[PDB]
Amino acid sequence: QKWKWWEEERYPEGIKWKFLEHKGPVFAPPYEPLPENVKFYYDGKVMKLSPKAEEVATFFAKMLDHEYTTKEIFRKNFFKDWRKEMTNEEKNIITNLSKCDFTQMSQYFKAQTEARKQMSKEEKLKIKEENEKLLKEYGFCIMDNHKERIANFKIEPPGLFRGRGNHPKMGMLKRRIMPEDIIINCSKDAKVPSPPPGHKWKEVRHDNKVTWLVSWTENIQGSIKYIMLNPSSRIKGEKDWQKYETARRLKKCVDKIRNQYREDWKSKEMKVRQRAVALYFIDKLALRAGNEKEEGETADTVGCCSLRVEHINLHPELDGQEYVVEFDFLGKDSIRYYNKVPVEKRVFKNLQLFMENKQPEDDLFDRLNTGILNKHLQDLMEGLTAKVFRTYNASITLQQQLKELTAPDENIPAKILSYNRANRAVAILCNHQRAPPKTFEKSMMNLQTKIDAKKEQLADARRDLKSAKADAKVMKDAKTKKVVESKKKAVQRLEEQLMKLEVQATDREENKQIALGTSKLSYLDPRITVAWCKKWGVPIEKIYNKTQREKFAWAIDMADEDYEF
C-alpha cells in the first residue's frame, strides 16, 4: 500500500488529529556494571564504585581520547554532577577528579569495540533480527485512518553533554530518562500504552492541538524534548509542502518588499531604519533572525537581530570596492560567518549611526528584536517570517543555476556535476560550511592514480586504433574496416569511463569545505529537483537516496518536468 496523502483534502486549521494510538517509547537498556578485573583507582589505591557513580565514571572513560576532557569547564561541570551520584562514603574519599584513574576502564571499552567487530555471523544476524522486531512493534503509530512511522522511538541513552562550540554546560550529566518523566499523548478512544512493570507515566494527555506522541523535560537546558512522526508522514510532509508554498508566495511580492525597505532606509524614525537594514541583511546575505538567548546558558552565537557592534567592521574602500562591511561572527552551531560585502551608500551611512556612542558588547540594532521584525513581515504578506527568505533565496538560486549550468548534450555523470555545483551555490549562500574531512582528504591521491591508470588504457587503445587504420590502408577490405570499427568503440568506451572519473574528482574537490545535506533536505523545494530529473532523464535515485525519496514522496509523484518555483 502507498498512501497518497497529497491527493486528499487539506487538513483543517486547529485540530491536528482525531485519532492517535502508539505503543510508547523504547527505553535504553539498563546499565551493566563493570566486571571484576576492570578496576577504578583513586590516589593509586583500588576502589569499587556504586552502580550509580560507576556509570557516570564510564562516560568520562569513553571520552578519554578527546581533548575536551582536559578543559576547565568540562572537568568542573562533570565533577560537580558526578558528586551528586556518589554515596556519602564515596564523597568523603573522592575530593577531586584529577586524583582519579580511568585508564583500565578506557582500555576495556576499546577491547569491547574490538570484540564486537569479531562477532560471528550467527551473533550479528541475531542482533539485527532483535532490532527489526523492535521496529515493527514500537516504530509505528496510528494517526487518522493510517499507519505512519515514528522517527526516533528509541530514547537516547544517558551520557555527558558536550554540545557544539564553546558551550558553558559541557561536561554536565544527561540523566537516564525514566517512565516517570514521560508525558504520553494519544486519543481518548485509543488503547493507552502500558508503562514498564513497576513504573508509571508522568502524565497521559489527550491534546489534539499538538503533533507529538511522547514528551519529557531534559536537565541540561530545561527544555521539552519530543518523539514525533517521521518525515514521510502526512503531518510532517504537508507542513513542508506549505513551507515551500509560502516561499513561492513571497516570490510574487519580493520586489514590492525590496522597494519599500529601500525607501525605509531614508525614514525619519530610527526603529524603521534599523528594521529596514536588518531586512536587507536577511534578504541579500540570507542571515538567520537572531533570537535573544540567556547569557551563560548557551554558546555565544548570534544572528541578524542579535548582532553586536564588534561583529561588523566598516570600510569606505577595500579591494577597490566601495562601501564594504566586513562581517565576522559565529552563527548557528558556532559556524563562522566571514564576508566582505559591498552595500548601497544609504546602508553604510545608516550602519555608522547605529554604531555611534556604543561599546563593543552593545547590540547593533537597539530598539529591535525578532518579534518586531516578524510583526512587520506579517503585515507585508500573510504567514511571512524571517526564515522564509532563506527558503526563498535558496530554492530560487537552485532553480536559476540548474537552468544556467545544465548542458543538453551532456551525459548523466556530467549533469550530476552541474546539479552539485548548483547545490553548492545554495550551500555557500546559506553558509553550510565544513572542515576538510579528517585527513581523509588524501583520498584525492587515490582517485588521481586510478585516473592515470585509466589514461594508460586509453593511450593503449589509441595505439590499437592507429595500427588498425594503418592495416586498413594496405590491402583495403571489408574485414579490416570492421576491426577499425570495434577499436573505435573501444576508445569511445574508455573515453566515457575517464570522463566519469574526472567528473567525480572535480565534484569532490569543489565540495571540500561545503556541506550539501542541510539545504538538500530543508532548504530546496524538491519539485525543482524532480522537474530537473524528469526533464533530462536523470534517475531520481542518483540525486536522492532511499530515506530522502521517502520524505519527498509527494514531490516525486506530484510534479511534472515543467514545474516552476
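Numbers for residues come from their place in the sequence shown, where the first is 1.
The stretch 285-293 shows the higher mean C-alpha B-factor when 285-293 is compared against 383-391 in the entry. Look at the mean CA B-factor for 501-509 and for 532-540 in the entry; the higher one is 501-509. Ranking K268, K332, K71, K415 by the C-alpha B-factor listed in the PDB entry places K268 at the top. When the C-alpha B-factors of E310, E218, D240, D452 are read from the PDB record, the largest value belongs to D452. The deposited CA B-factor of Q118 belongs to the highest third of values across its chain.
Sort the chain's modelled residues by C-alpha temperature factor and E496 lands in the highest third, per the entry. In the PDB entry, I15 places in the highest third of its chain by CA B-factor. Residue-level temperature factors show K520 in the lowest third of its chain, judged at the C-alpha atom. Ranked within its chain, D189 lands in the middle third, by CA B factor from the PDB record.
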